[PDB]
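Lettering follows sequence order; numbering is per chain, from 1. The figures that follow rest on heavy atoms only: side chains count, while hydrogens, waters and symmetry mates do not.
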Amino acid sequence: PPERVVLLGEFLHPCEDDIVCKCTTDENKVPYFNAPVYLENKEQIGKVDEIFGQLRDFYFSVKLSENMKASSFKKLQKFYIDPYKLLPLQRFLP
Amino acid sequence: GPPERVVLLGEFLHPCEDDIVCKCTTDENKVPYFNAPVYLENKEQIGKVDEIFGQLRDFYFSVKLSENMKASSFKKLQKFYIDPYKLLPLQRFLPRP
Amino acid sequence: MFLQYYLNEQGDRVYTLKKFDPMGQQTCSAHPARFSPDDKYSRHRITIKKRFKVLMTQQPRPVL
Amino acid sequence: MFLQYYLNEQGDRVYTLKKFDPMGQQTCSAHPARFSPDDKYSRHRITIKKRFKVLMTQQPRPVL
Amino acid sequence: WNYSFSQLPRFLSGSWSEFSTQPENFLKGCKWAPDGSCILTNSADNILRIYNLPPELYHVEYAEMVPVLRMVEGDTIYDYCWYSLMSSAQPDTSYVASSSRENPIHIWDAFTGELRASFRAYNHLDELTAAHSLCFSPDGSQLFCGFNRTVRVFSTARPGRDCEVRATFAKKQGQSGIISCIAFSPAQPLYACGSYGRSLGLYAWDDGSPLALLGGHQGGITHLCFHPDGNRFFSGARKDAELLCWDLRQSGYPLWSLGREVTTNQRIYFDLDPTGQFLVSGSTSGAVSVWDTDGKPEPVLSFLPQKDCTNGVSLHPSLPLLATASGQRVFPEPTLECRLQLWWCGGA
Amino acid sequence: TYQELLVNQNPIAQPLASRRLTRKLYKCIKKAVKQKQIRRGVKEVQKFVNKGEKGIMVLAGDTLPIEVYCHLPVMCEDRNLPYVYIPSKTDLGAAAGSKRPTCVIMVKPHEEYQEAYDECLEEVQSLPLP
Amino acid sequence: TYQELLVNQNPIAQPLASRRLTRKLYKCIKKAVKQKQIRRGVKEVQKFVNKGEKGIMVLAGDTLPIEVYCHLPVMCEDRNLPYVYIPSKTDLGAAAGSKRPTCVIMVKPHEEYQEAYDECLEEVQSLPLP
Amino acid sequence: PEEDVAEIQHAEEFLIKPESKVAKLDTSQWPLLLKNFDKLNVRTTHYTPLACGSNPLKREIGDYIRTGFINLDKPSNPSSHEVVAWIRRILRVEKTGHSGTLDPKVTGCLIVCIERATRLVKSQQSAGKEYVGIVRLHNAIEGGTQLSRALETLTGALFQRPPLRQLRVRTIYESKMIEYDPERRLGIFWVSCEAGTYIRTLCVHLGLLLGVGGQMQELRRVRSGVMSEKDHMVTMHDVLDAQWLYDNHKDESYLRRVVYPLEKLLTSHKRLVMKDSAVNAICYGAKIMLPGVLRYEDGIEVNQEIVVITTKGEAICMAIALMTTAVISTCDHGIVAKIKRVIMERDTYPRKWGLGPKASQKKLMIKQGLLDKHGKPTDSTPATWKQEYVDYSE
Amino acid sequence: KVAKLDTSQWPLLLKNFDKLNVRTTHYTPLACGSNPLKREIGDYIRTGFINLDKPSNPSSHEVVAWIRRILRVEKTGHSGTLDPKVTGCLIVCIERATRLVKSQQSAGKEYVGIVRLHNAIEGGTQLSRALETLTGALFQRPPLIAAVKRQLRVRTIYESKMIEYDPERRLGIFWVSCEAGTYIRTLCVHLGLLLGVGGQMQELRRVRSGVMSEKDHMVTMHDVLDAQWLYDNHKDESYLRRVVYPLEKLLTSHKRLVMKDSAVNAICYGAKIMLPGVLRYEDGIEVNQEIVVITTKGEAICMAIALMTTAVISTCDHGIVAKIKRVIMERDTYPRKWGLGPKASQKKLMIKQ
RNA sequence: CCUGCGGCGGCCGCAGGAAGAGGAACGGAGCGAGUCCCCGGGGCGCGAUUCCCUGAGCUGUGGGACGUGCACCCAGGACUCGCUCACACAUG
């Protein structure tokens, strides 16, 4: 269970056994691989498996936990992560 | 007399006017001496190397047969053997560096 | 292998998934022929490539 | 001897064993006339080669 | 059965149709196999043909003869012969030697007609020279063959270029010209060489040393025959009217001269009986003449096989059969078919 | 269609079979397919010709690149095998009894269909050199 | 038939005999050969023109290369000997009873064909000269 | 008339007449690094050529192969490591490398460098590359516009991960849709990208971004840096056949169509033509100083990668330019460039440093004890030498 | 009318001279040389060659002996032996042209011959395949001479072709392009072994000797005798000037290097070809390559070996462009004009002062 | 301090260097000799019995016999040790 959580990204259309999400993290900070994704109430949805797109605006797919289903999530529904599993652009950029 | 050992010289192709034409298949593409005795794997002399002809890395040779031998005796793809001292390396005939 | 091509008026490859050109004729396969290092048919390939004047040496010389 | 020839439309020798070319004309012997160093008929050959306009000096001069 | 020329020989089947394939074709002799099984014929088409002995003889009309083999050469055939010790009981003995223009001396198998061996004669420049004549030795071990100023002796057991060379002309002395025929004495250890240069030469078999040199003939000698006595022998030439009789005893000059019409540059053959009593010869006119050798040979008979040159005549070694080959070279003008024939010569 | 297939042709595809010879060859192949006498593809034909088999090698004139099968014509000439190019790759595969195109097949003789095989063989042996 | 041989003529083959004159010359050669009164080779014809033996010298107009016999026309003009060309070397050889060709023949005069000789001689000297 | 020309040739006198007009060269058709040799700025013409090397195109066959490369069309079974190992075995040569690892089932441009051309492999491996692949979508799409919009979105600097490690950044410069087939759900795409860009990963990201899912069906590399698939491209059969023809017919013709000299890879770079005496010094690891510059190209800038060449057109080394074109034209002395990678072998050209006037002066002063053993000043040095001689070690 | 002629129609080594790279256009012309076609008949023959059609009886050394009686010269050479019964292209160099014989003897030959097979083959295609087999670098035993067994050697056959075959006589015409010193008699023996039937070379004719062929400029021995006779008896050069050609015709394939008239005599004395004397130079001069050095009148001065490439010549201002291999031209054809130049004058001045 | 090569993307080890970049006659030619390389008795003419011969023997656009005479069997290249000519940067 996380101590505190910070926005991870909003819901985009689903994929085969995954949910693709557009990242809207503060200062564009990139999430770590295999990091747990949470709802607004700190209830874990899944785990981040792949991250893709341009350096400024990028997307992330979430490997769902066994209870959840990809079709259930609403349009532009927001998702969260613990702040200790985020990284700045300055590691990747130069 | 009979040599201590013999190395693969070549294999029988068609006869030609009472001597036998053979494709040369030596290791390292070595070339036989002129009038070098040709043996069968039993170390019995069948003849001597008369002509050497064809491309450098795919060459043939004719064999002038012995007194008692006949060109009809040999079968297709039958192997012939030579005293290894009576070969020369291909490098000798290739141009100087 | 699905990738095909037909040559443009400029001379460069126009890639396509179809097996015929817009002008009717067959598209060639994009990939080169299979090769194995044990191949001993260099004499054979050269011999007929000389006959039909399609050996690489007999073509017009490139611009350097 | 055995070699004959006839000229094609661009003046090249076309060698052949047959005594007649594909248009029914006789083929020439490939080999030149037999020569003697003690030949004393130089006057005579110039005399009629001039007469019939077939001496080498009367032909079109070669382009060098 | 025994030979008898008290009557004119009775006709027996011959072949004409196959020789008429080429225009202006003609036969160049005929020769029985020494066992008497078949007859060999040369022709201007350069095709040696073997005809079997007619089955209808032992079995009346006879059909036109057909050859059991045709063995093609690629150039003019100068000479040809059966193996000396041939028997049809042995496939190893039944073969035909043959020499041709700028080619090796080919050995043809007389049953299957395949090229069995090749003897090759090279000059000092290592260029192949063709033999103008052929003759096997009476043992069948060696193959003697004539060239310009030289005889070569190949060993029949080892076919190839290997040969003992025997010069007949050395420092402008000896028998000159192309040696056109060789023949061995049945009794003596010698052989006789005829040349297109007028002379005859006798030579010892083992060494090749000259025994004698004989003149006589007014043209190039074309054929030789030894009598079964061993002492007496006969010779004939091209563009020369006389067939000369010789003897090994009282040598140096021919004993008798027998007339025959020869007006071409041809090898007009002649042959003796197996017994040795009769001698038969062809002619350019066509008339086949017969002489009884047993004094001068007495004329017995003259008959005409066809209205054309009779170049070949051959007598069968056991039976009374005369074979005759016909034809000659036709000469042009600015703008009868040749044939082999057999003849029964037995008594009434 | 035969004359249209000449537009698709390969630089080395000669001697090309005529419109009628192409028809005769397909039917000889189909008969050989029923008796299972043919050999299909480069890998099999190359193996069997090297092994010692004899027959007629039918090549496809639409084949590209030429390096896939341009060694085969000389493999025939080393062993005196007759060969011939037919216009199409897709037609050869259909005649050979396969769902896809094929670049080369070798038809072997059989007592069932020697009359058709002999008509093709002698006509293919008679083909003039380019 | 005569006009076909006219294609094979040399640059120097003039004066060429007329078709009927060619036939007269062959018939004169046949009679001279029978009488043993001709010379055949360049080797021979050249030798007896040097000695100064008279006769009608007949030449083959299709002889090539011309260097073998082209000295002979002037050798005749030095000695005022009558010469003439005829269509072919094979027919000139055939006229002398030979299967092989020849490029020149010189016919000597003789009693047995003296009238035929004079008839040929008359027409040869009457020819237009180039 | 042909005969009228022939008559003039024998009658009238011919002469290459004297003229006062300026002699103007045309070097636009000269091969490789000698192309437009005339257009280079000339510092000096005074030097002594050595006659040791050769024009790159006319090296002897052994030296030609050792200093050369093949623009290979890679076949579809073997790995890239296996392909260069075959070429190493075929050409009977010691070392071989390539311009970027293609996966076993991928075909296309693979610049196989041979022996001494393997010094360029790092430069060829870092060069920009173009691909043509087929993406296989798992489910159906409305139209080809959607797959093009996905490629439009992924044009730029992207996040990527290798196939089966850390997250990596890879730029895709340009992307395009060639065509799409809705029946079999295959779409041909063309992409220009930097080196090390994972195209399998791109196909997966196109699948995720569309929503349908997808993967790479097949791939082909059409460009590798300077070389393309319409520029002298050759197959493994050609490489084998060309070597065979040289072995059995003694005919170099086919090898010289297959292999090209490494100087053909460097034709894009700006040139600095060195004096023949300075060549071997640079091969041993010297500084590229001003006394040895004969010619220098227009538009050289500071920190620019330049090719340093001989007067015969051979490449000596890749180098980093320290002076601009305008500075080289006006300065008296200094370091013009520093070595990045030495291409040419040691002792190709002879060993001719320390023979000049100023170098021999320094040697003499060290012998006289006016300078120290390591060429450094003393209290006794003249003020003329001490002021003028700008020692570059500093 | 020379002004109307395009430079492509200028004779011999001056052909296409405007497409040579121009170093400098200025020099002082001297009235010394002539164009090689206008040499005085004596000099023309002493620097000339004959493209002879060899007859079929004599040896090739007899033929060139006969040519040196006729023309009345002391030296001749002959571009590779033809055997006594062989005919065809025999380049006979006369006098000063004998300096070129190694380049002519080493050049690639072509032959048209007849092979006679000793038994029947299937057809013309079978002979055509045995010829393809004997293409490339072949083993051939050189024939025995003076009982000296020369070792097996390699000679290349560039192309082969089967022209005709006669199944009746078993004769086959072949055309062969090959390296110098190839034995065609030996080729026919091998061609016979390879077929299995056996064989011999019936006949042979050489149809090319490097630059010259039987297509053009070829003359028979009669022409050589006949042309000399016309000159001896009527004082007419015209016939000899079509039999004999100047040695420059043998050198038209080589890369050229045009020199100033000042330099010409220096090079004839054994001076190395220096860069200040070069007027023009061809594209594609490589290091250690044999080049022809010529005058502005198109006369060959020497065969030289290039020590500068084309590009190097363009960049430099002085030094050795080429060293001499063989000097063709006589000494003092041109006058001595060396030592007069600016730097050479400065050197001699500063030695004196 | 630089370069190159190899080992596991920076370091390690080994190896070659420490480099200011020279020289507008260097050190050539042409002959001759010795030694290597190269390096398939024949060729030409005339004479007399038309000198013989349309041979199935190449062959009359040539083959042979006997007299006789005649001219061929080099020229190059490389190495080595002489003689001769130069020691030449090419005249704006």
Side-chain angles (χ1 to χ4, degrees), chain D residues 29 33-34 36-38, chain E residues 26 28 44 76 78 101 125-126 132 176 178 196-197 220 238-239 264-267 328-329, chain G residues 36 39-44 48 63 65 68-69 93 96-100 102-103, chain H residues 48 274-275 277-278 281-287 289-292 333 339 342 346 352-360 362 392-393, chain I residues 26 28 57-59 61-62 64-65 69 75-78 81 83-84 98 101-102 105 143-145 181 183 185 259-260 262-263 266-272 274-277 318-320 323-324 327 331 336-345 347:
Chain D
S29 176
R34 188 188 73 79
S36 166
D38 305 320
Chain E
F26 57 88
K28 296 184 79 186
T76 288
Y78 299 163
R101 177 183 168 184
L125 305 174
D126 208 58
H132 279 73
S176 185
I178 291 165
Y196 290 147
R238 73 194 174 179
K239 288 198 169 185
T264 50
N265 293 316
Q266 270 185 282
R267 186 188 304 273
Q328 66 184 307
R329 186 168 287 162
Chain G
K36 199 171 174 188
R39 301 281 69 188
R40 297 167 173 259
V42 166
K43 187 181 171 184
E44 283 196 330
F48 299 92
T63 311
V68 302
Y69 84 156
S98 176
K99 297 191 78 69
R100 293 166 262 260
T102 186
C103 74
Chain H
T48 304
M274 294 302 290
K275 208 176 285 182
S277 57
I282 294 162
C283 292
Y284 275 63
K287 279 290 195 291
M289 293 164 289
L290 196 71
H333 62 89
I339 293 162
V342 175
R346 297 190 186 195
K352 303 204 163 193
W353 61 77
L355 302 176
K358 197 77 158 180
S360 296
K362 197 195 78 170
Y392 304 137
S393 67
Chain I
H26 179 72
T28 305
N57 283 126
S59 59
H61 51 69
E62 278 190 64
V64 303
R69 309 280 188 283
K75 268 190 183 177
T76 45
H78 71 66
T81 50
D83 301 314
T98 62
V101 298
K102 188 153 193 288
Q105 288 205 341
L144 185 71
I145 49 170
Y183 299 101
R185 271 184 62 191
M259 301 302 295
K260 296 176 176 187
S262 295
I267 298 158
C268 299
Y269 273 66
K272 297 191 179 169
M274 294 291 183
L275 182 54
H318 78 284
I320 302 162
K323 67 182 180 179
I324 294 159
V327 180
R331 288 164 148 76
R336 297 192 191 184
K337 288 273 168 279
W338 69 79
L340 306 177
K343 316 312 178 173
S345 294
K347 198 219 181 194

Letter by letter from the 5' end, nucleotides 68-73 of chain J scores (B base, S sugar-phosphate only, - none; protein heavy atoms under 4.0 Å) ---SSS

B/S/- along nucleotides 84-92 of chain J (protein heavy atoms under 4.0 Å) is -BSSBBBBB

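Applying the Watson-Crick and G-U wobble criteria (two distances, each under 3.5 Å), J:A86 pairs with nothing in any strand. In this structure J:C44 sits in a base pair with J:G69, meeting the Watson-Crick or G-U test at under 3.5 Å. Both distances falling under 3.5 Å, in either a Watson-Crick or a G-U wobble arrangement, place J:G16 opposite J:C2. Pair assignment for J:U54: none, as no Watson-Crick or G-U wobble contacts are both less than 3.5 Å. The nucleotide J:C39 finds no pairing partner, because no Watson-Crick or G-U wobble arrangement with both distances shorter than 3.5 Å includes it. For J:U59, there is no paired nucleotide, since no Watson-Crick or G-U wobble pair has both relevant distances below 3.5 Å. The partner of J:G34 is J:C79, by the rule that a Watson-Crick or G-U pair needs both atom distances under 3.5 Å. If you check J:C26 for Watson-Crick or wobble pairing at under 3.5 angstrom, you find it has no partner at all.
Other residues, nucleotides and ligands contribute over 12 non-hydrogen atoms within 6.0 Å of the NZ atom of H:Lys358.
For the pair E:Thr76 and J:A56, the criterion of a side-chain N or O lying under 4.0 Å from OP1 or OP2 is not met. Dashed line: the shortest gap from a side-chain N or O of D:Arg34 to OP1 or OP2 of J:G63 is not under 4.0 Å. OP1 or OP2 of J:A56 sits under 4.0 Å from a side-chain N or O of E:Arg329.
Taken together, J:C12 and J:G6 meet the test for a Watson-Crick or G-U wobble pair: both N-N or N-O distances fall under 3.5 Å.
In this structure, the NE2 atom of I:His78 is 14 Å from the P atom of J:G77, given to the nearest Å.
Nucleotide J:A15 carries a north sugar; the sign of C1'-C2'-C3'-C4' is positive.
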